[PDB]
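Asker: One structure, pasted below without further comment.
Nothing in this text is a laboratory measurement; each read-out follows from the coordinates by a stated rule. Note that we place each Cβ from the backbone using ideal geometry, even for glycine, and neighbour counts take in every protein chain shown.
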Amino acid sequence: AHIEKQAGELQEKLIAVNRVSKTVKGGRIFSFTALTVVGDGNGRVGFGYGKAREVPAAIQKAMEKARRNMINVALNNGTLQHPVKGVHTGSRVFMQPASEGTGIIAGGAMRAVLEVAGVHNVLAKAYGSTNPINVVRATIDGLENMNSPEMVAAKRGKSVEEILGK
Amino acid sequence: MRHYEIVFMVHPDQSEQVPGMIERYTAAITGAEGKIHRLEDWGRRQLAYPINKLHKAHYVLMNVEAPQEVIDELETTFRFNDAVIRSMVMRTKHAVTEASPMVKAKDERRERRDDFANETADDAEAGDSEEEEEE
Amino acid sequence: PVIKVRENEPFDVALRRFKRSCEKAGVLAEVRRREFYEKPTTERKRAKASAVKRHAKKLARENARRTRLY
Amino acid sequence: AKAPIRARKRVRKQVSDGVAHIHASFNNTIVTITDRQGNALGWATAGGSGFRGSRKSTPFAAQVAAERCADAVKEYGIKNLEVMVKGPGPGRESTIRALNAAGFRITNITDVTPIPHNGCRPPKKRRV
Amino acid sequence: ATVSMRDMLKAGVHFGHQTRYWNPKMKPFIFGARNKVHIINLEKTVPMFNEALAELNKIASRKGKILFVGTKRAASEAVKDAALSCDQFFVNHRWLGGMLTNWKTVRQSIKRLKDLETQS
Amino acid sequence: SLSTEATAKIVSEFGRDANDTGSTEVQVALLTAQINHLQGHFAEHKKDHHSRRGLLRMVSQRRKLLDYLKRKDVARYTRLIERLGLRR
Amino acid sequence: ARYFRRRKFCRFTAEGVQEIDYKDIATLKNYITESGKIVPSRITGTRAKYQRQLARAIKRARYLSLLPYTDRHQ
RNA sequence: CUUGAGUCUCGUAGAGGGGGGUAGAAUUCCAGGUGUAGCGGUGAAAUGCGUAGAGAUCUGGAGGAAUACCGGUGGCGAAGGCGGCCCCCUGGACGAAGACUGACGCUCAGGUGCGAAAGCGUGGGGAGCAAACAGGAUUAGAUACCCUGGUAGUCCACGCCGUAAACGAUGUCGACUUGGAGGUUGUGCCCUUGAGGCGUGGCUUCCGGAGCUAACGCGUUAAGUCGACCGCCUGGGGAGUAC
RNA sequence: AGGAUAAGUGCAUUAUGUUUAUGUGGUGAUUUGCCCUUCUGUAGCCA
């Protein structure tokens, strides 16, 4: 269904896992939940929360929901250089234009999420729901173009077709 | 300038009053910047309900044009008139004081739905054989 | 209700299943309750509104066959 | 089914003809047969026939009221009939069915329903 | 390659049958109603159709096999006429939307059909 | 509403005497003339508020066009406001 | 050949037939059932024009004793 | 200057306001005539009414709010607001040609002005319905439920802080952005001749694309892209009350 | 209703019905992640 960036070989960064219930006679819930962010170890889009009858299916649901069945805004190369704010399904991440590479600091499990996402180069504060199941959206709302490549000639990139169109 | 297609009906015993009232309305219209487009008297007619008893009344369609000033003077007279049992008068927005698809239905009313009396000699004086007389 | 003219010289019926002028057709939708001035316009006047569902019913029969959900 | 009434067979005003009136409500029907120039020749009701509740307005309760009056008015000796119906209350045909079993020819169902030109504001009673 | 333009006109001259209502997002290729029936612009569709029929030609040397999808209780006979081969595959009446990603199941039911078809 | 014959007095007397209705001096004179028809009505009962909303439009605008007129030609301005007894 | 614009007797079936009027019993009566009374717009199949005006014209008429307003005359 | 706005006659729709006019029907009532026992109420019922002749019904009068139906996703107003229909006065909108001025614009602290309803000061009106109050009926009780009587009220006119769930639960107006169609209306072109098609506006509404939302949903009358300026908010309970 | 020619035809408690008494508070077996297949399930392409 939903198409994503390039990768070669994938890392199943499971950041969190949980269990749901509402057990009763006839129709019931008894499954497990799992949360994974999928990437290549530098920068890729993809985030999936899924659930199933047991722990093996729970994780396979989650890895499918990252890679398909999910709306994302795209990335190019494993680095950011279009730092801007945004909103996707209430979740707000703000990034002011500053240095690339160095300055990276974010608490709890989030510094590890940012390394597979490609936006550990430029980053600033989060607002809206502050839970690690929904704020991993960094490379989506915090990137409002479909490519943000590492050559600074990116701002001449669309220009070279526009003045040839003149 | 404004058009008021005024139609009214009058009680039988009172129908004598109408030939005079219309001729006082025509001289105030033609005397001050309006027109009588057609002035049709319809004769005596069968009601669909007896008003003030008796199941017949006598109908007149005046087909008036008059300015805002003039129509204001005819209408305060007509509204406090006593011979009229009831009236309905229409607006300048798509008014039809000239030619209608009630041409057949008027002839019918005089022809077939009338009652022949002394009040009804007066019905022919009401819009065709006009004499100045009453209010 | 029976309405003033509907059958050719009555028999043992009165044929009230058949004809009506306009005898309450905008003014009554709820019984055992007080009347209002502005409310009737959306509360009581649903005659057009109930025609949308009669149209849908002649529509949904064909579509159930094409889907073969019949 | 019935309660006391006039006779089927004797003589009173000897009129030969009448008009009948059915006053139909949500709870009762009043059926009163009258003279054709305007004077009552007999009456019944569905409650005076031994019905109560919602059942007092059903078509079979409207029937037995109508067959009750229709018996009585033969002492005044009707032979032909015309009918008025006046209400939105149930079984406006079942009362006619009884008048024709009393031997009458039914001559128009002339609607003169008692509905006003809106009239008065109706009882608060219930909440919907 | 005027040959694509003949077929578009030859097909297009049924002038519609449906009411004067149309999909807003198709508006460019739609000519004005004649008495409450929709009429496509016939000339404005003839430049599109020639671009399409050359692109289909280029993939013929890439081609594996073709799959006619969108079949339903009125469109099937029109797909029957299109295929003229088993180099190109179709169904007659209905189609179950999606096969491409749950191929795992789909190949497992093809093996159940042909085993039990040979026993029968 | 404004008669044709009240409009004809106003056109002849103020602005240019061939069908000028749009110039600021004459536009004032028209609005004034509909105020006068409205003040004839308000000698009846005094719940005539759905027309008063409309009076307030006509007054305010008339007053805007007099602010424009005193920024321009001073003869037109002192004549107009004094000859029609405006700003009350 | 010929045309007519914003006037009577052409478009629809005719624009001089139930324009706005009420003084004729017959234009109203094409649209009145045998009990002497107005029926729904589905029944009457009046042009859109003819109905927004027929809503005023049937009341005008009833009130001028052209139609029997009431149930003792229906 | 018009590219923004403002204006004149012509043409078109409507329950906008204020004051005039006007028809008919139930309940209610009186009278005369006829005629006999229940009527009413309800899921069943008693309370109530009635043998002093009730109920129903014929004829005629009465009296006052209301005005069914066409009536509808309709239409009008400044939001709330406005319902028989018309006139008289008059506001506001909606089209279109001739002609006219030329930023006279936008927003709006302050501000004056303005009521859905009841409340309400004084006046008119009170037929029906109805808070209370009475009494039934309901029931682990019955102030709630459901009923009957029944008074103020409801109903009008002007007036008082305009109160609120004062509405698109959505500030104003204005520019810009794929449309399609219903209801319904000015008007250009067609055998106006199919509530019809095409040219071009109009309000009012369904549907849905780019976009916007947490979700429903919105989407050319935005909840899109925006623009200026104003109003207002910064967790709950307590409190929209206190001071 | 001009006309009842039972014409002008399109529905029937005018569909939106529902007194039917009530019973304190919190907690709970598909698991320590001390987590089976990611496998063309992404423009390259893999368990």
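Asker: The conditions are (1) within 14 Å of chain G (Cβ to nearest Cβ); (2) in contact with a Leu (Cβ under 9 Å, 6 or more places away or on another chain); (3) more than 15 Å from RNA strand I (Cβ to nearest atom), and residue B:128 fails exactly one of them. Which is it?
Answerer: It is condition (1) that residue B:128 fails.
Asker: Sticking with this one: Considering only residues that are near RNA strand H (Cβ under 9 Å from one of its atoms), without any contact (Cβ under 8 Å) to a residue 60 or more places away in the chain and within 14 Å of another protein chain (Cβ to nearest Cβ), which ones fall in the stretch D:30-88?
Answerer: D:54, D:57
Asker: Quick check on the stretch F:36-56: of everything there that is more than 7 Å from RNA strand H (Cβ to nearest atom) and more than 25 Å from residue F:77 (Cβ to Cβ), which residue is surrounded by the most Cβ atoms within 10 Å (Cβ to Cβ)?
Answerer: Ranking the candidates gives F:42 first.
Asker: Any chance the stretch C:34-42 includes a residue that's in contact with a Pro (Cβ under 9 Å, 6 or more places away or on another chain), under 27 Å from residue D:27 (Cα atoms) and among the hydrophobic types (A, V, I, L, M, F, W, C)? Give the derivation first.
Answerer: Quick first cut of the stretch C:34-42, residues in contact with a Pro (Cβ under 9 Å, 6 or more places away or on another chain) only: C:34-35.
Adding the requirement that they be under 27 Å from residue D:27 (Cα atoms) leaves C:34-35.
Filter once more, keeping what is among the hydrophobic types (A, V, I, L, M, F, W, C): none.
No, every residue in the stretch C:34-42 fails to be in contact with a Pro (Cβ under 9 Å, 6 or more places away or on another chain), under 27 Å from residue D:27 (Cα atoms) and among the hydrophobic types (A, V, I, L, M, F, W, C).
Asker: Looking at the stretch D:63-86, is at least one residue within 16 Å of RNA strand I (Cβ to nearest atom) and in a loop (DSSP other than H, G, I, E, B)?
Answerer: Here is the first cut: in the stretch D:63-86, the residues within 16 Å of RNA strand I (Cβ to nearest atom) are D:63, D:65, D:80-86.
Add one more test, that the residue is in a loop (DSSP other than H, G, I, E, B), and what stays is none.
The answer is no; no qualifying residue exists.
Asker: Out of (1) facing another protein chain (nearest Cβ under 7 Å); (2) buried (at least 16 other Cβ atoms within 10 Å of the Cβ), what's the single condition that is false for residue G:62?
Answerer: (1)
Asker: On to the next question. Within the stretch A:1-98, which strands (runs of 3 or more DSSP E) (wholly inside it) include 1 or more residues that are more than 9 Å from RNA strand I (Cβ to nearest atom) and within 17 Å of residue A:142 (Cβ to Cβ)? Talk me through it step by step, then tell me what you get.
Answerer: On the way: elements: A:11-19, A:32-39, A:47-52, A:91-93.
The strands (runs of 3 or more DSSP E) meeting that bar are A:32-39, A:47-52, A:91-93.
Asker: Those residues that are aliphatic (A, V, I, L, M) and either near RNA strand H (Cβ under 8 Å from one of its atoms) or crowded, with 20+ Cβ neighbours inside 10 Å (or both), I need them from the stretch D:12-29; list them, please. Walk me through how you get there before you give the answer.
Answerer: Our first condition is that a residue be aliphatic (A, V, I, L, M); within the stretch D:12-29, this holds for D:15, D:19-20, D:22, D:24.
Within the stretch D:12-29, D:19, D:20, D:22, D:24 qualify.
Asker: Give the residue, chosen from G:23, G:49, that is surrounded by fewer than 16 Cβ atoms within 10 Å (Cβ to Cβ) and under 11 Å from the mean Cα position of the chain (by Cα). Talk me through it step by step, then tell me what you get.
Answerer: Numbers: G:23 fails: surrounded by fewer than 16 Cβ atoms within 10 Å (Cβ to Cβ).
Checking each option against the conditions leaves just G:49.
Asker: Now, a different point. So, in the stretch B:36-68, exactly how many residues are more than 16 Å from RNA strand I (Cβ to nearest atom) and either within 15 Å of the chain's Cα centre (by Cα) or free of Cβ contacts under 8 Å to residues at least 12 places away in the same chain (or both)?
Answerer: 10
Asker: Here's another thing I want to ask about it. More than 14 Å from chain G (Cβ to nearest Cβ), more than 16 Å from the chain's Cα centre (by Cα) and surrounded by 11 or more Cβ atoms within 10 Å (Cβ to Cβ): does that describe residue C:35?
Answerer: When the stated conditions are applied, residue C:35 passes them.
Asker: All but one of (1) within 15 Å of the chain's Cα centre (by Cα); (2) away from chain G (no Cβ under 12 Å); (3) more than 16 Å from residue D:120 (Cα to Cα) hold for residue C:28, so report the exception by its number.
Answerer: So residue C:28 meets the others, but not (3).
Asker: Go through (1) of a type in the set (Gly, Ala, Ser); (2) free of Cβ contacts under 8 Å to residues at least 12 places away in the same chain; (3) within 14 Å of chain G (Cβ to nearest Cβ) and name the single condition residue C:56 misses.
Answerer: For residue C:56, the exception is condition (3).
Asker: From the list G:36, G:16, exactly one residue is assigned to a loop (DSSP other than H, G, I, E, B) and within 14 Å of chain C (Cβ to nearest Cβ). Which is it? Before the answer, list the steps.
Answerer: On the way: G:16 fails: within 14 Å of chain C (Cβ to nearest Cβ).
So the residue among G:36, G:16 that is assigned to a loop (DSSP other than H, G, I, E, B) and within 14 Å of chain C (Cβ to nearest Cβ) is G:36.
Asker: Could you please find all residues in the stretch F:13-35 being surrounded by 12 or more Cβ atoms within 10 Å (Cβ to Cβ) and part of a helix (DSSP H, G or I)?
Answerer: F:24, F:25, F:26, F:27, F:28, F:29, F:30, F:31, F:32, F:33, F:34, F:35
Asker: Do you know which residues across the stretch B:74-105 are facing another protein chain (nearest Cβ under 9 Å), in contact (Cβ under 8 Å) with a residue 60 or more places away in the chain and either β-branched (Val, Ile, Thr) or in a helix (DSSP H, G or I) (or both)?
Answerer: Correct list: B:85, B:96.
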